[PDB]
Amino acid sequence: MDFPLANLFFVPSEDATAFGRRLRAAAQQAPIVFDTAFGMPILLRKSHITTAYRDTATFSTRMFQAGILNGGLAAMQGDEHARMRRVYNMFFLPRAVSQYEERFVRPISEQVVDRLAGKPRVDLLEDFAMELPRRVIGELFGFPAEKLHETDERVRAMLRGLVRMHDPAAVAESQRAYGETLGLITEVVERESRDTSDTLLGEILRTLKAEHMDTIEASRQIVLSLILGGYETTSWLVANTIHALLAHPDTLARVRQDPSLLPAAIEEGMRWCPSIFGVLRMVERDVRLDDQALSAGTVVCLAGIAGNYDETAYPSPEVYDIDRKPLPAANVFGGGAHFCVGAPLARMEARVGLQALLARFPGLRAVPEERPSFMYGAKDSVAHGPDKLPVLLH
Ligand code: HEM
Ligand SMILES: N[C@@H](Cc1c[nH]c[nH+]1)C(=O)O
């Protein structure tokens with residue numbers, strides 16, 4: 001073995017900081033480790049990670065060409081990638097996001113939190129963090145949220161093949177699950193591809209055609225990204241933010257009384273309890289990073305989130321401190337040219353949804369003695385997140 005062994009991902013804890021602390025401790029011992037359970041090298045050194053994000057010819061996203069994302073944005077390189085990213089970015093510009101907030105997200109958030117009011121105890125993971133992003137996507141598609149709820153097993157099977165692609169069983173199951181969702185995706189595209197379509201998805205598909213990029217594969221892939229990113233991945237950001245607040249009731253009270261603190265609560269939450277495992281790249285040629293060597297063809301995990309607990313940048317990093325200024329730079333969206341294009345929507349949903357929740361329930365508090373457990377792979381996902389978020393509402 002070229003690298004020391006590590007066990008960074010497959011350790012559960014009731015302490016949501018355990019993952020960030022493990023990443024930092026490992027980074028202090030070695031720049032690159034081999035995670036036996038996850039099954040690939042993990043880059044932990046900031047200089048290597050930032051270098052890798054910028055050198056896309058050496059560290060590509062081409063591993064996505066072998067699976068269900070082939071034909072989509074993430075699998076593109078170079079100028080092809082830049083052209084399609086410019087079109088996707090149009091849908092996440094500030095004015096567009098503000099319109100989604102007024103038209104979809106705030107009203108849906110109010111309905112989601114309303115549905116919780118008749119119960120003394122609820123699980124905010126299933127009944128809030130997952131529900132709100134699902135319903136937003138259902139309304140973007142002009143499509144029933146209840147029908148999207150039935151895809152959960154398929155969504156997570158799709159995702160598991162996108163993170164550990166050295167596992168042929170996981171890859172095949174991702175392909176199987178995509179094939180079992182293709183009927184739904186096709187129906188959504190065809191309905192919203194009509195000239196009489198009145199959805200954001202309809203506008204996206206028209207804009208795709210006005211920008212000369214409107215193949216059927218492009219339409220399927222934007223729908224797929226909105227399901228996998230817009231619903232599932234966003235849910236874990238909402239979940240981890242809620243936990244950070246529930247675990248710090250004095251901070252939760254401050255944020256309820258001053259909702260202008262919500263952006264900081266979300267950004268600090270991304271530092272304190274990141275919801276991603278890391279970010280994949282493919283090494284395209286033999287490369288040396290200081291005294292480390294990586295071989296052509298190797299898929300690696302960039303762990304920029306190992307900097308979340310760098311105490312030289314963020315003193316007392318195990319403290320959830322929404323007052324850190326400047327706010328910590330987010331590492332959960334990747335970096336360089338591939339930095340998540342959907343981040344503005346995810347951030348806005350977390351803010352608007354939490355604003356609705358905290359306003360509706362002045363009594364919100366974690367259930368004592370039913371502590372969430374945090375680990376990579378929660379609910380068979382590819383996120384670091386809780387298994388449950390039980391709360392008392394009144
Ligand atoms: C509106 C919701 C979302 C949508 C539509 C979305 C969509 C996408 C798309 C299309 C890409 C590929 C970008 C490219 O390669 O140029 C991407 C990448 C990514 N997204 Fe998202 N996403 C969403 C939410 C999130 C959230 C909530 C997180 C994490 C908290 C996240 C983390 C990432 C990461 C880590 C990447 C990889 C970036 C890289 O390779 O450097 N996404 N997303
Ligand atoms: N991993 C899926 C879903 C996702 C979007 N953003 C973060 N995750 C994808 O790359 O599309």
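Here the spin labels are modelled as points 7 Å beyond Cα on the Cα-Cβ line, and at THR186 and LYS209 they lie 2.0 nm apart.
Based on the Cβ-Cβ distance of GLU318 and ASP167, what FRET efficiency does E = 1/(1 + (r/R0)^6) give at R0 = 41 Å, to the nearest 0.05?
After rounding to 0.05, the efficiency reads 0.80.
For the chain, the dipole from Cβ point charges (+1 on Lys and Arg, -1 on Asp and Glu) about the Cα centre works out to 460 debye, to the nearest 20.
Label point of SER47 set 7 angstrom out along Cα-Cβ; within the range 328-350, amide nitrogens under 20 Å from it belong to 336. Projecting the Cα positions of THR58, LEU159, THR17 onto the charge dipole of the chain (unit charges on Cβ atoms of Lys, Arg, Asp and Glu, taken about the Cα centre) puts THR58 furthest along the positive direction. Straight Cα distances below 17 angstrom link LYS388 to the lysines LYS119, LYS379, with same-chain residues fewer than 8 positions distant left out.
The relative contact order of the range 247-394 comes to 25 percent, based on Cα pairs under 8 Å that sit 6 or more residues apart.
Computed over the range 238-328, the alpha-carbon pair-distance distribution with 10 angstrom bins reads 15, 37, 23, 16, 8, 1, each value a whole percent. Expressed as a whole percent, the proportion of Cα-Cα pairs in the chain lying more than 31 Å apart is 36%.
Each residue, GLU311 and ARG194, gets one label point 7 Å from its Cα in the Cβ direction; the gap between the two is 6.2 nm. Mean separation of Cα pairs under 8 Å and 6 or more residues apart, divided by the residue count, gives the chain a relative contact order of 27 percent. Between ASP152 and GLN65, the contour length at 0.36 nm per residue exceeds the Cα-Cα span by 29.0 nm.
Counting helices only, and only those DSSP H runs with n ≥ 4, report the 222 nm mean residue ellipticity of the chain as the sum of -39,500 (n - 2.57) divided by its residues, in deg cm²/dmol to the nearest 500. Could you put the intermediate results ahead of the total?
Values: 16 runs with 170 residues, N = 394.
The helix contribution divided over the chain gives -13000 deg cm²/dmol.
Grab the beta carbon distance between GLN175 and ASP114, set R0 = 45 Å, and tell me the FRET efficiency rounded to 0.05. Intermediate results must be reported in sequence, preceding the final value.
Numbers: r = 39 Å, r/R0 = 0.87.
About 0.70, to the nearest 0.05.
Averaging the sequence gap over all C-alpha pairs within less than 8 Å and six or more residues apart, then dividing by the number of residues, gives the range 42-92 a relative contact order of 22 percent. Residue separation of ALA337 and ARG83 scaled by 0.36 nm, minus their Cα-Cα distance, works out to 90.3 nm of gained length. Between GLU102 and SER295, the contour length at 0.36 nm per residue exceeds the alpha carbon distance by 64.6 nm.
The packing ranking of peptides 135-142, 289-296, 26-33, highest mean first, is 135-142, 26-33, 289-296, where packing means the average number of other beta carbon atoms within 10 angstrom of each residue. Put simply, when 209-217, 194-202, 62-70 are sorted by average Cβ atoms within 10 angstrom per residue, most first, you get 62-70, 194-202, 209-217.
Values quoted throughout were computed directly from the atomic coordinates according to the rules given, and no laboratory measurement underlies them. Cβ sites come from the backbone with ideal geometry, for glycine too, and all protein chains shown count toward neighbours.
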